[PDB]
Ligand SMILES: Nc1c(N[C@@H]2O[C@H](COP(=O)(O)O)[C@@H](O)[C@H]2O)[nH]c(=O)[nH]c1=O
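In structure tokens, one chain follows: the form deposited without the ligand.
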């Protein structure tokens, strides 16, 4: 029964899916005398938390009742009384938490606020799905680095274009279309300058249900990005460029004018780890790395990815000189190439979508 209630809270939590953005998915359910009296979930960013909705709905039935939470109630004092505080102020007898707040220092603080108030706190109830619930958010809080998704599309023989650079029909509209989803479940979209110089993409989420465009990150070592590029001029969404001291001073000035954020790395070449650290320090919790087989290579080589997604088309391109999926340095010996694990393999239209993860 405590299982049902946690499950209930997990399902209630999934209903927030993609509406809380930076904030995580939390589900709350209040039970009094064996009867559900409160149900809630975090449905919007910067608005009422899950416990809030559950307890107001709980009314006076909250007194001496139980409450299930998918994620340790907050103790964030300030503009509002912490949910941990709302929990005791209502007379909640016992609280069931599935997992602690991933933020290192914050972890345990909410449990402690309620225990020292006399409340019996039981944890770990269905921590398993409560983990898959906020996979990226968790990672970002625990590691301090953004959850990274690498996505690429190619032919069945692993080429991403012909030997003349042609790549007009690799994957079907359905794949490109499916790839778009990931552009709304990530705080940022990252690609190299080559992509921009080559395709001049807009990197914006076209799906007819958006209201918070991801940050468009560009790794541009030498700052050769074309100034007229949509990613600078269409000014539809945020655009951040990472260069080095090899950038042209006046140009950075000219671009910043258009409202472009320019980060000058202190190293002479761009190091992915340094870039990721900065994106976290700036509040980015996830990045969808779309292009630059070289960019992908740098990510793969540094072990800077949590998930890999490749779309394969029923087509053989061939070519000694046709560009492959993972460019760059690459591992020298098989005894050193990290073993991944296939997480999913679903067909999308006529192509095949494979997805693997680390270790």
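Positions refer to the first chain, counted from 1. Basically, rigid core = biggest C-alpha set you can superpose within 1.5 Å across the two forms.
Form deposited with the ligand bound: not shown, discussed below.
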Original post:
Is residue 147 close enough to the ligand in the entry with it bound to count, meaning some heavy atom within 4.5 Å?
Top reply: no
**Asked** Does any heavy atom of residue 24 come within 4.5 Å of a heavy atom of the ligand in the entry with it bound?
**Response** yes
Flag residue 83 as yes or no: does it have a non-hydrogen atom within 4.5 angstroms of any non-hydrogen atom of the ligand in the entry with it bound? yes
Look up in the entry with it bound whether residue 103 has a non-hydrogen atom within 4.5 angstroms of the ligand, and give yes or no.
yes
The ligand in the entry with it bound has a heavy atom of only one listed residue within 4.5 Å, and of 251, 94, 212, 76 that residue is 76
*asked:* Is it true that 42, 72 and 137, all three, sit within 4.5 Å of the ligand in the entry with it bound, judged by heavy atoms?
replied: yes
In sequence order, the residues of 27-63 that place a heavy atom within 4.5 Å of the ligand in the entry with it bound are 42, 49, 50, 51
Of 80, 271, 177, 261, Cα shift of 2 Å or more between this form and the one not shown on rigid-core superposition seen only for 80
